[PDB]
Structure formats: structure tokens, C-alpha cells
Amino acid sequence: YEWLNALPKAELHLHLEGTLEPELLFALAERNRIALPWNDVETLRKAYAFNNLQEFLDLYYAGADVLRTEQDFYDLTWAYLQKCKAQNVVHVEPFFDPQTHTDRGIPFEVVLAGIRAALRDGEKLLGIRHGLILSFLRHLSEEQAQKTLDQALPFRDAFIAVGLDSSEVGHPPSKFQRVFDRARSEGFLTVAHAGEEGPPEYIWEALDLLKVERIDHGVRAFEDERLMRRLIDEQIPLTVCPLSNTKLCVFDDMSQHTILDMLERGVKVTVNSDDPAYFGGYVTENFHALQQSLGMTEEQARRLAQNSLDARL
């Protein structure tokens, strides 16, 4: 663990909203004078049992209620950056879901201000390079995403890319082809969630329609040999999230996970925590799980860590 924790890493698949520790949620609710449904930290913490992606999302979005002021968004981001320092993550390219907040009345400028301020401290104080990624909510309409992109334009230099998260199944990448087209035209790089719960086809769509630079999750690509051969050949990065896949039942067990298999075949896989506050582990806890349940070696450890550095945008 300590050896794993000492490795220099880059986290390329992480939702800032998914770093909302139960404790923080309660503290922010207190500061905002919000009455929580949950009786105590422990009660919220045991609500963290998921049968699938959606059950997690429902709670995930619920917690986002406490995020209301700039200082809120700073605290959220700064807390995570401190974890990064602790676990020697030297570079971050995090997600956030502006719609989750803007649809709640919180000004776009307020959300960005808080996060940006934290990112600034992260680099000058902690020496952590950042690349903010704006993610669209895929269960919502492409029109709603277009309206979000319009908000983002004056801010565009604050984002290295646009992403796509939320309920995958039934909301294929193609649904957002237009806004992604416009995003790139406006100077955004692109990434996307594909093949978490969705089929290999969704991954092809991400690659060819949304023209992403990397696939987020992408584990279901294992079902498609033709796709696998492309991945290996094009060295397109995959931001794999071990604990997330386990907690969401993508794999019935960590021993079932295919990330090492992919690694040995030549796929540019990386290790990420995704939604750490919800899956009970940050990036180091993810590396560790691979070691305990898959007998991962230091050898493959150095390699995964390196890929994450290489796959920086």
C-alpha cells in the first residue's frame, strides 16, 4: 500500500461531486442550514449500497443539494486536492456536472469560481497540475447540453475538454454528436463515458462520432475483439475504475476484473477512483484492490501509473 501510495500518479477519471465525503456533506448542510433526509453520517454512509449505476446516480445527485456557494465548491475541490497530495497524485483532469447545479439555481460563474480557486491552490501550494473537464448529463437532452455549452464559451479556457456522464444505457453518444461537434469547433478536446454499463457499440460511437481522446471506463470493450485490436493499435487510453465497477456490480467481484488482462494485451488502461466518496477509496485504494484481488505486481503497478502520465491531455 505505502509503496503503491508513493508512486507518482495522474487521475484522469474523477467526478468532483463524487468526492463528497459524508462528513463534508453534513458540515456543508449545517453551514447552509439544510435539513437532511439522513439522520446521521452513519445512516448516509450505509445508504452507499448499489445494485447498479442508476441507484448510485440517484444518491449521487441527491447529495449535490448541499453544494450552494462558491466556498462550498472550493471546500469540495480543495479536500480532494489534499487527498491527491497525500497519495502523490501529481496531476488531475477532473469532471464536474454544471447542469446538476445550474438546474438547481446555482450560477455557473459561482460553481467555476470555487473549483478554479481550489485548482489554483492545488498547483501553487501542492504542485498539482490540473485540466478541468466539463461533463454533460447524458440522461438530459442535447438541447440542454447546448445551453450549457453556451454558458461555457466565455469560460472555455478553463476547460481542456467536454465529457459525458450519467445514465449510459439508452442514451448513446450519438445523442450528443451535435454539441460535441460544436464543442470541438469551439476548441474543446473531447472524452466520454462508454462501455461501463453500455455495450461495445457505444464505445465505437464515442470513438468515431464524438471523436474522444480517451474512453472513460471502457471495460465492456472486452466483449469486442475487433474493438480490442483497435484499442491496442491506436493506443487510445482507457480510464478504468476498479472499485466503481465492483460497487456498481459491473463485475460481481474484484477477482473478475479484466483490467490487468487488458494491460497485458497492450491496452493503454489507467487506474482511477471515479467517485471515491461513494466507492470507499481513492486512486491508491484502487491500485491496492488490484494487488489484493488480482495479485497485481509492482511491475504492472509502475506501468499503470506511467500510462496515466502518458495519457494526460
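The first residue of the shown sequence is 1; numbering continues from there.
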{"property": "Mean temperature factor over C-alpha atoms, higher-scoring stretch between 155-163 and 217-225", "result": "217-225"}
{"property": "Stretch with the higher entry mean CA B-factor, where the candidates are 301-309 and 13-21", "result": "301-309"}
{"property": "From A27, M262, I34, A64, residue of greatest CA B-factor", "result": "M262"}
{"property": "Ranked C-alpha temperature factor of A145 among modelled chain residues, by third", "result": "lowest"}
{"property": "Third assignment of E234 from its chain's C-alpha B-factors", "result": "highest"}
{"property": "Third assignment of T69 from its chain's C-alpha B-factors", "result": "lowest"}
{"property": "Entry-reported Cα temperature factor of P200, expressed as the chain third it lands in", "result": "highest"}
